[PDB]
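All remarks here apply to the structure that follows.
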Amino acid sequence: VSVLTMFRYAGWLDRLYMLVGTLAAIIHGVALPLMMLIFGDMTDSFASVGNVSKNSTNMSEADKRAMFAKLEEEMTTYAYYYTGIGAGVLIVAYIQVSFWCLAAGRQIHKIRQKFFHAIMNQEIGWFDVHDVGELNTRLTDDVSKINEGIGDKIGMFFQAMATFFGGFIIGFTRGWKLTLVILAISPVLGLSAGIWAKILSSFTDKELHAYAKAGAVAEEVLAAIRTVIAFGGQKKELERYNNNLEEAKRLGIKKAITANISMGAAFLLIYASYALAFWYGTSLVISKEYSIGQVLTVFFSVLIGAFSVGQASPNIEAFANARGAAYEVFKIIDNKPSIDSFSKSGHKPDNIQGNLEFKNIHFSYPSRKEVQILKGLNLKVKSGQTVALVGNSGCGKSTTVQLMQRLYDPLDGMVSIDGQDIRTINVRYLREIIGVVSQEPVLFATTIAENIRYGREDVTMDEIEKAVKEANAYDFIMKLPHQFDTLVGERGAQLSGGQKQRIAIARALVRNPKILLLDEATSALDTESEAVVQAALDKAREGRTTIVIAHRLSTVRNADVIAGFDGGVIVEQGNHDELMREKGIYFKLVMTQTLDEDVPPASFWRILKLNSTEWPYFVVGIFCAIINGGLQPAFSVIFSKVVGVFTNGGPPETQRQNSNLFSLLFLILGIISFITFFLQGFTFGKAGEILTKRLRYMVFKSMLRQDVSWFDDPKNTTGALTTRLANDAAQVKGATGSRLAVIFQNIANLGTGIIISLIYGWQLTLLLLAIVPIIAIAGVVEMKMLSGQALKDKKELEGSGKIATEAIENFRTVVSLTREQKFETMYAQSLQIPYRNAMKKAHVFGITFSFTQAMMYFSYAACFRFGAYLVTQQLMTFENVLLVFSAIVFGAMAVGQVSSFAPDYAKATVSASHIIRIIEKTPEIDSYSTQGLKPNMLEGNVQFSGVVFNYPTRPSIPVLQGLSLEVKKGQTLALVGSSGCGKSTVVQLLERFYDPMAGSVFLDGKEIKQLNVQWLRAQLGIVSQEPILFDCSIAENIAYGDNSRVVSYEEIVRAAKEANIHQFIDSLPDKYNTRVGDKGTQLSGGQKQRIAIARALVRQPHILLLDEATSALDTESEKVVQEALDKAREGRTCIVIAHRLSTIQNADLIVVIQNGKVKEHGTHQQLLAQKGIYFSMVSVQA
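Take the sequence shown: its letters are residues 33 to 626, 684 to 1271, numbered as in the authors' numbering.
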């Protein structure tokens, strides 16, 4: 029902070919096992020939007769085989792909036109609800999904079942046993893959849980970077970041260990079962003699038939996921629920006029539960008049304008155009009788000639000329170049807003409506252009019955009748003077109104260069991959010798050879492959493991040892930094993983295959490589053409989609209604191009897939043709033919594995490129010397001379210009300024966060410029507004080791004693040992600040710095901190920039800073005697 038939709906002749393509899809899938049925027949005769060939040791010439005759007879069959299937698979291929296009093309094009039509046909509803853009985004993405649902995926789907159902048919008939064995190994292979999902999902979360700690440390530190810098607690975070990494690596290696165990075991269970199938497959030959090895090979094709079920599932999933999403929204997509608008019939008034009448109208916006904006209405406007409506709370007047266009059917009451109800008349006609001027004008992207032409389709520039000329829009347009043919570029914002609306009036003027609706047209406009546009409105009035709502009372003065609302409730009506007489609602208002990343530059082999540098030794891992590489062909060699000697060899000794090789297929792989695979995994696993540490290590330390506008004023963010730590190390981990994988398969094919390739007849090789590269390139050129078609298609629908996206986003097209079909008209012509392009790719996709399979039979042809014939002509041998099959599976593991790790190499290369340029750093300040820390330097008299400063934004108008201060030791230097900066910056510059653009700063008289960075930050009393507490024991928080400083209990006691935080320390559990409880969630600001103060006086700085310490606080908290602060200072030099001027009254020197320029300075009473900024600061303090 709704699920399927509509998904496939219509397509009368389409449905017939839809079935034809379907039919062709079956016989395609049927062909592959039939091709393999042939493989057994050629095997059978060739085997009987081989049995007599080894059986001779007597006669020779006899073997030259019959054995070659059968082979010649087989050569006769060979020719009729590949062609019959080849010509078949060639034709049926081109057909089944036409299903993908020819059927899908006409269907989607049919879908598009109705969908694009139904959207505009829902009218009002889209404004009522949903997303109106996000909705139409996904929906057009949904119709894109449909082509995948009705395409050849289905053709492939029937093809798969034909290989499946048709495959098993042949299997059971030629035996019911082996099936059971093969069916038995199915859950086992599903069991091993089950181990995979358990290991991957479980080990991921552990790793995630591990790096979360490593991530969390980087999370707060990089957020706390300015805090840690000042205290120089870097090396501790340095050490910690290594510990979390130490654990995360151990979860990394075990994951790799267990994974390789699974993947190793996974292949074991396959090959064991593969071996198990033959041993029981062989035992039914030697002692039994039922199968000659035809079905034995053919039942393996049932696995190929079984793999097709795996190829079937996506097409169904492609079909199912497309179906459910489409048909459910299809109900919304298609039809026309409509029934408030429609397009058609209705009544056409020829009366060419009508008095507007509103009668007892109760209405509510379709917000449902929202209260009625309009409860009841009575308004009657006579013909030729102009009625004015007004309000306060908003809308409620605008509603009356909205109902008049029948955009919303009123809940109760009626709106009467002329004498008749509005619901009788044809809607299309009504919109044409109603001109509308909205407050916010809109111009479609087109010529000015066209925007008017959208008002009325049939018009000539003379009416256009007269329109704007009467609308006084004829001035700016003429001076403007291109005249009427001028396009409006980049949507509608180009020129002045007043001119846009004026044109909109002219557009509505062409409409020549007998009703004109103006909603706040004058509102939201510059004063000058307002009067200009108004005259046009004035010139558009008086000739037409109209109704106008705006908030400009200047335009309401000349109105014939005014009506008050204020929220939509009708109260007063009449002429202006009559209204002012009432001094009512009208009169009241009158007097009242009087995150992405990755810069371009690359690595260029520097990857393995830096990698090998950090990779001390691993030659056993890759060597283990090589011996594993060459191990792969041995299987292809062993199996080749099994059936080889089985095909060519006599009845004696058959048991031993097969027995000996059977065991050989096991031990060479099962014993060895598991070992080497787990052996390499333990190597390259740990290889990538330690790299993740050193890299993230040498980065975060390279990040922390550099600040300098990467931290202080970056364009980056915390998340972006963490992202770098995550992806880069993860990607380069993949970079190295791809290295061993390729080199492994390299020798697997190039190294060993060539050795095998060397023993051919040298022509067979050439013929083989006259196929494989050709079919590969043939497979490559298809992929290019495929995306080439995908890209060119997206561009075409884009232009159609944009102009489509243009319309739905503009809901005002429905008020004119002139453009309803007109837009869908352009879309038809726009949609017409991909249609022919859809027809074009039918031939293109048709010939490609056909050709791809055309090389398939041609491959088997030349394989067996030249394997027979000339080789059958002289010295027909069992070898070199199965070795061809060996060379094939190497080409399969080459393309498959290489192309898989190719993009892995890409994103890694890019991610590595970032991590390399970042780690280069610009270390700047770390240690050096620059000073000897003299014992006479304790002191503390801080100098500023000719200091200018700007934070690293160049044209930021620097906050410091010509600034100089001084403070003697052991006394308080007060500071006060307007707001913002120059307050805070001074404290920051003392930290030497940024070296000023000009001037100098001194502490003992020594130059800070030339002073050591560390020791300068060794004595500091820095306290911020909202102190950030690291999550840790408050005891470990109070004391942050400056350099060598151990956690000292007696000291932090003194810290708490002075900071008055000992109250909390006295009581409560664990006392000093209490953790902050997840980022200090159990403590208020007052508690935290006390601790920050304790951090300051732990250091015993000769210089204290208070940045708005009491800025955020209240009540007793303000006094207790001030009590601590005052007691913190007075023993040493201090600077308090706090905005509390009540507590600044005890200060040795108060300084008023005006934006880089110190204005006044002196003791409180001295400045108090003066007047200016400071006295104002106190005067406004009250």
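A virtual CB, placed ideally from N, CA and C, is assigned to each residue, including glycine.
Of the residues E1055, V1037, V1056, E1096, the one whose Cα lies closest to the Cα of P1047 is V1037. Assignment of alpha helix (DSSP H) within the region 1038-1101, counting only whole runs of 4 or more residues, yields 1072-1079 in chain order.
If you draw a straight line from the Cα of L212 to the Cα of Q191, it is about 24 Å long. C713 carries a helical assignment under DSSP once its states are collapsed to helix, strand and coil. Look at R1164 here: in three-state DSSP terms it is strand.
Residue range 1246-1251 is occupied by the beta strand (DSSP E) that includes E1249.
With respect to the 8 Å criterion, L406 and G596 are not classified as neighbours on the basis of their beta carbons. A straight-line Cα-Cα distance of about 13 Å links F299 and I757. Distance from the Cα of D687 is smallest, within the candidate group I1005, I1262, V999, for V999. A contact between stretches requires three or more CB pairs, one per stretch, nearer than 8 Å, and the region 895-909 meets this requirement with the region 158-176. Beta-carbon to beta-carbon, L1092 and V1031 are separated by about 6 Å, close enough to satisfy the 8 Å threshold. Minimum Cα-Cα distance from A125 among the listed residues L1194, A1124, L1238, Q942 corresponds to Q942. Per DSSP, the continuous alpha helix (DSSP H) segment holding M982 begins and ends at 971-1008.
Setting aside the 5 residues that flank it on each side, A354 is surrounded in the same chain by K177, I178, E180, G181, each with a C-beta closer than 7 Å to its C-beta; the list follows chain order. Just so you know, the alpha carbons of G118 and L66 end up roughly 12 Å apart.
As far as DSSP is concerned, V249 takes part in no beta bridge. Judged by DSSP in its simplified three-state form, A556 adopts coil rather than helix or strand. Residues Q531 of the same chain have their beta carbon placed closer than 7 Å to that of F508, with the five preceding and five following residues left out of the count. The beta carbons of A837 and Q963 sit no closer together than 8 Å. DSSP places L548 outside any alpha helix (DSSP H); the residue lies instead in the beta strand (DSSP E), whose first and last residues are 547-551. According to the DSSP assignment, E1205 belongs to the alpha helix (DSSP H) that extends over 1204-1217. In the three-state reduction of the DSSP assignment, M152 falls in the helix class. Here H162 is not bridged, per DSSP, to any residue. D366 sits close to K146, with the two beta carbons spaced by under 8 Å. Within the DSSP secondary-structure output, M446 pairs in a beta bridge with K391. Minimum Cα-Cα distance from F200 among the listed residues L308, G606, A338, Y359 corresponds to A338.
Per DSSP, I535 has no beta-bridge partner at all.
A contact between stretches requires three or more CB pairs, one per stretch, nearer than 8 Å, and the region 322-340 meets this requirement with the region 72-85. Taking 8 Å as the cut-off, the beta carbon of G467 is found closer than this to the beta carbon of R543. Annotated three-state conformation of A1258 is helix, per DSSP. Residue environment for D237: exposed (fewer than 16 other C-beta atoms within 10 angstroms of its C-beta). By the Cβ criterion, the region 455-463 is in contact with the region 427-440, since at least three pairs of Cβ atoms, one from each stretch, lie closer than 8 Å.
With fewer than 16 other CB atoms across the displayed protein chains lying within 10 angstroms of its CB, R1134 is exposed.
Taking C-beta atoms as the reference points, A297 and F938 fail to come closer than 8 Å. Counting along the chain, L1238 sits inside the beta strand (DSSP E) bounded by residues 1238-1243.
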